[PDB]
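Reviewing the structure listed below.
Neighbour counts are summed over all protein chains in view; Cβ atoms, including those assigned to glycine, are modelled from backbone coordinates with ideal geometry. Just so you know, all these numbers are worked out from the coordinates, no wet-lab data involved.
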C-alpha cells in the first residue's frame, strides 16, 4: 500500500505554515539521508548530523521553488552538513600544541 500524499504536497504544506507536515516529511527521509550521510561521518555522529540537516533544510525549504524533485534537493543538505561538521571541529582544535589534541579531520 501507499499514501495519498507525497513530498510534492508535503513541501507545499510546510510552506503554508504547517510545520507538522515537515515532521511527517523528514521521517520518510530520516532513513534515506542517514544511510548516505553515514558515509561522511561515523555511526556515533551520524544521528546528530541528520537532525542538523533537517533543521538546516527547513530554514532553506522556505526558499525552495526550484520546480524540481525534493529528494535531490534534500540529499545535498545532508552531505554538505557532514562536510561542514567535520571541518568545524577539525580546524578548530588544531590550534593546540602538538602531542595533545593534535588530531584533525581531512
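Mind telling me which of the residues 72, 6 ends up being surrounded by fewer than 16 Cβ atoms within 10 Å (Cβ to Cβ), without any contact (Cβ under 8 Å) to a residue 12 or more places away in the chain and under 15 Å from the mean Cα position of the chain (by Cα)?
72
Within the group 20, 16, 32, which residue is touching a residue at least 40 places away in the same chain (Cβ under 8 Å) and either surrounded by fewer than 16 Cβ atoms within 10 Å (Cβ to Cβ) or closer than 24 Å to residue 2 by Cα (or both)? Testing whether each residue is touching a residue at least 40 places away in the same chain (Cβ under 8 Å) and either surrounded by fewer than 16 Cβ atoms within 10 Å (Cβ to Cβ) or closer than 24 Å to residue 2 by Cα (or both) leaves just 32. Is there a residue being surrounded by 17 or more Cβ atoms within 10 Å (Cβ to Cβ), touching a helix residue (DSSP H, G or I) at 6+ places or on another chain (Cβ under 7 Å) and part of a loop (DSSP other than H, G, I, E, B) anywhere in region 39-47? Yes, the conditions are met somewhere in region 39-47.
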